[PDB]
Amino acid sequence: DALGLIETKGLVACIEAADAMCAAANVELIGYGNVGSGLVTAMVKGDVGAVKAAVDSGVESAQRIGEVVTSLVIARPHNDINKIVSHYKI
Amino acid sequence: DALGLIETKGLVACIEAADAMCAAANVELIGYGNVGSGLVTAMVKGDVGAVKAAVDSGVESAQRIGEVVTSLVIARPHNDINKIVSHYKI
Amino acid sequence: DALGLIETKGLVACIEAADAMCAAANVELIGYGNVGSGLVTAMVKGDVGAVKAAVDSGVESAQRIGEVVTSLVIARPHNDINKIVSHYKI
Amino acid sequence: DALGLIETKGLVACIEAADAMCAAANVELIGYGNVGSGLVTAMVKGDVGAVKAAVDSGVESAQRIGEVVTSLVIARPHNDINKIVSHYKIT
Amino acid sequence: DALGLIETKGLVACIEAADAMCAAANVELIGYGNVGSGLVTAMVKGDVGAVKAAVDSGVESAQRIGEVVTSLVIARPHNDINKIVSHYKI
Amino acid sequence: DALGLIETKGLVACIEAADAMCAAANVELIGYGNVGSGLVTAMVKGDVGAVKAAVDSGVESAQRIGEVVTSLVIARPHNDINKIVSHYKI
């Protein structure tokens, strides 16, 4: 499954990004990460079309109330980076 | 139930935001989060009318003693977002 | 009981704030919190008159050796913010 | 085995670096570290040729979406720095 | 017993402050704290004369290699701040 | 045993400092610490001649790829600072 990632400054913007992602398309929130300096990431999985729609919508909504630092869609994550994703399982 | 969120710079401003939210309307404090860089979040739940009144009042009171970084009302949180909220259960 | 809060930049300024609060009036140190970016908070409880005298003195003493980021007296904390205070019990 | 390291600002840039490293050459993701101020590190091991190809590609890809703070290839790590690498083991 | 405190930017400066404190006078290293943003504190105890001599020497030596953010001698700590000191026992 | 310390901005620069230290002389890596704001420290022990050679080389190599914030050789650490070193044992 494709992976969608949105990193924001602050928890509230990230919750808003996550809410908008799950509203926009058939994706599942599977990862949540905080690495300090206020950087908070939400991770979703789904088909690549759904993840792209989700991340687009999540970025637009989070930018309305806070700073989006980074966003990313990986259509086919290599099997090793699932070590990092599972490190942030929820 | 609707979700209300206030993120402040520092713990004292957040406690003031939480106190003002619970004083202003019939909402319950159900989440508390710290993600570093001094960003501290209080989360309340209730009916959307109560949550909106609470967040408005919390932002107004917290801004008197500190910096409110972001605030948010989600009238109908998607079921996946409760994974993040329950991660910050108190 | 009333709640008095002083948040400082750094642990040493906070220890000075706590020492001066407890010397200044009949208050008890019941909370200690660190939320990152160097923000350190001391929490005292007592009657509102004692807490007000304590916070005034703690702020004055701490400001001589460091930065006081915020201070607050809540004469009658709502029962819900005790969830946050108990989170930082010491 | 040679060690490749990429340190980025933020978790997403690091995931992209790690993905690009593992796609580019026969290396294994063996370490993951976060030391605050938003600094996140991905660590790979393999032969020195594979590790060098991986780090070059990971740096290029991560720089498209974020800040790479530092990157490094150590062809023959001394046995003591594996104490640090094992501290950041990931599975 | 008197309390001596030195807060530095960084761990190496703090170790140097602690080394210089213990070399300079008959004090015991009893506390070590890190509160993030790179702020690191060393805490010593002894008689007030020894603690004053120790903190003076620690600040001068640590300032040679790094930033000293704060320093403090408390000749007679109130009983409550030992809650914080023991929290950073080493 | 003498103590050598190198504090860098970031984990990768620190690993290079540690690698260069152990390559340069007969020293053992015994401590590893990060205290936030990206400050990461490597600690080595050996005879004062080896530790000095190690720290000089570690600083030169780490400066090629990152910022060295602090470095220090303590030829005869006071017994008390080994409490701090052992706190960062690896």
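In what follows, every heavy atom counts, from backbone to side chain, and hydrogens, waters and symmetry copies are set aside. Just so it is clear: chains get the letters A, B, ... in the order the sequence lines come, proteins before strands, and each one is counted from 1.
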Chain B/chain A interface donor-acceptor pairs under 3.5 Å:
residue	atom	partner	partner atom	Å
B:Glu7	OE1	A:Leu11	N	3.2
B:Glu7	OE1	A:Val12	N	3.2
B:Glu7	OE2	A:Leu11	N	2.9
B:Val35	O	A:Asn34	ND2	3.2
B:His78	N	A:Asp19	OD1	3.1
B:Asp80	OD2	A:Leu29	N	2.8
B:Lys83	NZ	A:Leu29	O	2.8
B:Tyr88	OH	A:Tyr32	OH	2.5

inquiry  = Under a 4.5 Å cutoff for heavy-atom pairs, which residue among B:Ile74, B:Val85, B:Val69, B:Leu39 has the most contacts with chain A?
reply    = B:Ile74
Derivation and outcome, side chain to side chain contact (heavy atoms under 4.5 Å, CB included), residues A:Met21 and B:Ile81 = CA-CA 10 Å; A:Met21 282 200 284; B:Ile81 258 55; over 6 Å; no
request  = Select one option (side chain, backbone, both, neither) describing which atoms of A:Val12 are under 4.5 Å from chain B's heavy atoms.
outcome  = both
ask   = Atom CD1 of A:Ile15 and atom CD1 of B:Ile84: how far apart are they, to the nearest 0.5 Å?
value = 5.5 Å
task = Among A:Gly66, A:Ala23, A:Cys14, single out the residue with the greatest number of heavy-atom pairs under 4.5 Å to chain B.
result = A:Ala23
